[PDB]
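Okay, so here's the structure we're looking at.
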Number of protein chains: 4
Amino acid sequence: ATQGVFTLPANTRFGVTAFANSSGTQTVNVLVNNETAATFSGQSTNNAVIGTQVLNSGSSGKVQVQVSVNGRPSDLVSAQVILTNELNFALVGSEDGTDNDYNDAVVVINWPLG
Amino acid sequence: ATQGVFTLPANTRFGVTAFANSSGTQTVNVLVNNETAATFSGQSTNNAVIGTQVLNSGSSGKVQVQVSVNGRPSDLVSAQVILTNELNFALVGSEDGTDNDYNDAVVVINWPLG
Amino acid sequence: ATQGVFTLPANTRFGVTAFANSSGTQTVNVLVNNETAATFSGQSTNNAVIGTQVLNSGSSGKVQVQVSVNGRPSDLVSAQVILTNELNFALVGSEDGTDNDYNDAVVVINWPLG
Amino acid sequence: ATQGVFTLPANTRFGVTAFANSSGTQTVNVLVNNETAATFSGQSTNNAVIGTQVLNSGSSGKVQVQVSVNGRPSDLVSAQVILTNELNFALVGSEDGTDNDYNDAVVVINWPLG
Ligand SMILES: [Ca+2]
Ligand SMILES: [Ca+2]
Ligand SMILES: [Ca+2]
Ligand SMILES: [Ca+2]
Ligand SMILES: [Ca+2]
Ligand SMILES: [Ca+2]
Ligand SMILES: [Ca+2]
Ligand SMILES: [Ca+2]
């Protein structure tokens, strides 16, 4: 199934933050309406917060997270969870190798802000 | 129901990261086996990271997130989500007022690391 | 925080199913736009299905689950989870006593159908 | 990533329930410790409960859900969510065709019981 794709409410600010847990350098791209809106990278085996940014979901509300290592797409897992019918988290994990820890880059999207 | 309390596997490293979205200064305390292990404080209405840390769950695995504003506890909402039977997120939102956006401090715990 | 309240897409069929795990007879009410749309009542300590129904979310999309035992409201916990940006679960647990298992009535709402 | 595989606490009763939403007849197999423990089949486009059973997770705690339609494996999506650190849901959706609704067979596992 497709993973790392989320429909947000239109014209809404959201946070996106990425964490690294890998010997390989992670690159995280965040697309809004199919155009890159943020890119983060780093290399940590201790959960470094390699990047954070505030974005707007725009007219479409379509947000996509992609992760690559050495130019090769990682395998993604994702879900969205909503608490008290108000607080939203879109969650992504990724695997760059064979150990299947799926933490090599972790991406958290949250809304609303403010 | 109790919120913000999570049982992690014992003796496991985990990440904890807090974001703020409120005019009030947020104080996030993270307890491991009922003792304060980390504390983050800050103010933002733009989802700023007010702190991040890596902790060990210890012998009990018991982790609790508390959120307060000027010493008064916020109302918490939380859940744990597990992707591909491996990647864990413990998620907390909090409300310091009446608008019920539950984003005033947002706390993300993730494991495993490395 | 309020629990057991969910905003569904409008005019959408959804499933609602209730399970019981308690010495007490559970009464589950499902409200659509603040009006009772289904009521399930039964008793089991073995996860028996006490009711299942397909309902329409109507013009508002507002769906609320209430649980009581001998007329006393149970304490609720809830969340919504979305898989592959398409498959939705609205999940409710409830506690009628002191053991905090939160399984006394378990309610699963799923959509889309068909 | 692997989907439909869950690690439950050992020697624990759990509920497993399957719903159908497809023109094709669904076959759901539930494995405990790699051995078939339950099997459900049926056709519905109205969320019929094609099976519900209480099983024991045994010494391993390993539970796997497989879904097929006239012998062809469906593509699976899955996640686990835990509410109030007590109430567990393991969720599976499946796609047998081209529309990517992922509801063709829906399987919900819940624990603890009683
Ligand atoms: Ca890895
Ligand atoms: Ca890793
Ligand atoms: Ca607020
Ligand atoms: Ca706020
Ligand atoms: Ca109980
Ligand atoms: Ca019970
Ligand atoms: Ca389908
Ligand atoms: Ca379908």
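Labeling convention for the structure tokens: chains A, B, ... as they appear, residues from 1 per chain, ligands from 1 in order of appearance.
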Please return, as a list in words, all residues of chain C lying within 7 Å of chain B when only C-alpha atoms are considered.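 So the residues of chain C near chain B are residues 1, 75 and 77 of chain C.
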Which residues are close to range 46-48 of chain A, i.e. within 8 Å by only C-alpha atoms, leaving aside same-chain residues fewer than 2 positions away? Reply as JSON, numbers by chain. {"A": [19, 20, 21, 43, 44, 50], "B": [15, 54, 113, 114]}
So that I can check the surroundings of residue 69 in chain A, please list as a PyMOL selection string every protein, DNA and RNA residue that reaches within 12 Å of it, counting only C-alpha atoms and ignoring chain neighbours fewer than 3 positions away. chain A and resi 20+22-29+40-43+66+72-75+94-97+104-105
Give me the residues within 8 Å of residue 112 in chain D as a ChimeraX atom specification, counting only C-alpha atoms and dropping any in the same chain fewer than 5 places off. /C:101,103 /D:12-14,86-88
Take CA of residue 5 in chain B and CA of residue 39 in chain B and report the distance between them in Å, one decimal.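 Calculated distance between CA of residue 5 in chain B and CA of residue 39 in chain B is 16.0 Å.
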What gap, in Å, lies between CA of residue 4 in chain B and CA of residue 83 in chain D? 10.2 Å
Tell me, as a VMD selection string, which residues lie within 10 Å of residue 62 in chain D, counting only C-alpha atoms; anything in the same chain fewer than 5 positions away does not count. chain D and resid 5 to 10 31 to 35 57
